[PDB]
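What you see below is based on every heavy atom in this structure, not just the backbone, and it leaves out hydrogens, waters and symmetry mates. Here is the naming used below: chain letters follow the sequence lines, and residue numbers restart at 1 for every chain.
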Amino acid sequence: XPXX
Amino acid sequence: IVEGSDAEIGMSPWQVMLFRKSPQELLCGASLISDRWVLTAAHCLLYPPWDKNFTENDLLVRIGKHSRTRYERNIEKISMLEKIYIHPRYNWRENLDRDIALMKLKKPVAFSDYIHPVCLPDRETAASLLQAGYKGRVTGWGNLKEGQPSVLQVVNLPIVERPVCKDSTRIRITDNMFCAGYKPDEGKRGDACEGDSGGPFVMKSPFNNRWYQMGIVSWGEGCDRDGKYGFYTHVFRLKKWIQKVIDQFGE
Amino acid sequence: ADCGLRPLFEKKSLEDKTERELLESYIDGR
Ligand SMILES: *[C@@H]1O[C@H](CO)[C@@H](O)[C@H](O)[C@H]1NC(C)=O
Ligand SMILES: [Cl-]
Ligand code: NA
């Protein structure tokens with residue numbers, strides 16, 4: 001999902 | 001960065017590290033676009049599903065770095081943030097559309113051999129360069145595999161055709177994103193990964209020999225998986241917003 | 001303004017170790  | 005290599009000294013002098021004050025840790029990458037403005041991904045600052053919502057006082061930026069961890073007294077500059085600006089239509093609830101944020105520093109940073117801004121593309125540079133099969137470059141201090149590097153990593157990756165990007169994922173992609181990475185049939189590897197988020201995807205223009213930031217590391221599903229691609233915020237398409245913010249709040 | 005021109009590379013007429021891969025993709029990538 002998001003890079004994070 | 002997966003399947004990259006150590007950057008050379010001063011190779012990416014616009015690279016910025018977004019750093020949490022407490023506990024002290026790397027949060028994200030970012031880029032220097034002028035002496036007082038830094039560009040990053042909105043999701044580095046605001047992502048409610050993970051209870052993330054940083055305020056200016058929670059963060060620092062570190063500019064001119066090479067080592068991931070060492071304090072580089074000689075060369076790095078540590079700056080405080082005056083204000084964070086997140087795109088108002090950043091769609092965190094669905095697909096990370098418009099994954100972009102600006103940070104204004106509390107004082108201008110002095111440029112040096114290690115600290116220097118990247119250009120933002122004009123319309124024709126974007127049209128000409130952001131085409132499938134042309135390569136850009138991603139840098140960061142993120143994970144080496146889906147495991148942290150000693151120094152800044154670099155990898156070059158080709159831009160991918162939109163239908164291939166679209167068919168690779170169930171996330172609803174938009175024209176404010178592009179994807180990059182090798183296809184399985186190209187027999188090469190490489191990707192950004194966690195911790196590289198917010199940092200720059202750059203291209204060297206053959207028209208004027210300058211480096212332009214075309215993308216921001218935004219999202220992906222794992223890192224360096226076969227048939228998956230990294231996704232990047234499309235900087236040119238969001239440049240109208242960048243210009244509005246800087247015009248209103250001061251270069 | 002002076003953006004995008006690196007002190008230790010373009011400003012010294014020095015190339016980094018992999019930038020030619022980017023330039024060559026303009027020839028061969030499409
Ligand atoms: C984030 O935190 C700020 C306070 O620092 C709050 O005003 C704002 O509503 C929060 N944003 C979201 C979307 O949760
Ligand atoms: Cl194959
Ligand atoms: Na892949």
Exercise. Looking at C:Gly29, C:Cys3, C:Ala1, which one has more heavy-atom pairs under 4.5 Å with chain B than the rest?
Worked result: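 Heavy-atom pairs under 4.5 Å are most numerous for C:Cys3.
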
Exercise. Which bit of B:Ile9 is near chain C, if near means a heavy-atom gap under 4.5 Å: side chain, backbone, both or neither?
Worked result: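 Both backbone and side chain of B:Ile9 come within 4.5 Å of chain C.
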
With 3.5 angstrom as the limit, list the donor-acceptor pairs from chain B to chain C, or say none if there aren't any.
residue, atom, partner, partner atom, Å
B:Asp6, O, C:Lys17, NZ, 3.1
B:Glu8, OE2, C:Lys17, N, 2.8
B:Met11, O, C:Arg6, NH1, 2.9
B:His116, NE2, C:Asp2, O, 2.7
B:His116, NE2, C:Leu5, O, 3.3
B:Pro117, O, C:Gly4, N, 2.9
B:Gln131, OE1, C:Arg30, NE, 3.3
B:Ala132, O, C:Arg30, NH1, 2.9
B:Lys135, N, C:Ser25, OG, 2.9
B:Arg137, NH1, C:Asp16, OD2, 2.9
B:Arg137, NH2, C:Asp16, OD1, 2.9
B:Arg137, NH2, C:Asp16, OD2, 3.4
B:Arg137, NH2, C:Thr18, OG1, 2.9
B:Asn156, ND2, C:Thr18, O, 3.3
B:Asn156, ND2, C:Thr18, OG1, 3.2
B:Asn156, ND2, C:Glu21, OE1, 3.1
B:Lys204, O, C:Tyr26, OH, 2.7
B:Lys204, NZ, C:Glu10, OE2, 2.8
B:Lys204, NZ, C:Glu19, OE1, 2.8
B:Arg210, NH1, C:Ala1, O, 3.0
B:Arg210, NH1, C:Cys3, O, 2.8
B:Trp211, N, C:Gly4, O, 2.9
B:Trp211, NE1, C:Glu10, OE2, 2.8

Exercise. Are there more than 12 heavy atoms of other residues, nucleotides or ligands under 6.0 Å from atom NZ of B:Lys166?
Worked result: yes

Seminar exercise, completed: Greatest number of non-hydrogen atom pairs under 4.5 angstrom with chain C, of B:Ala7, B:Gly133, B:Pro13, falls to B:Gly133

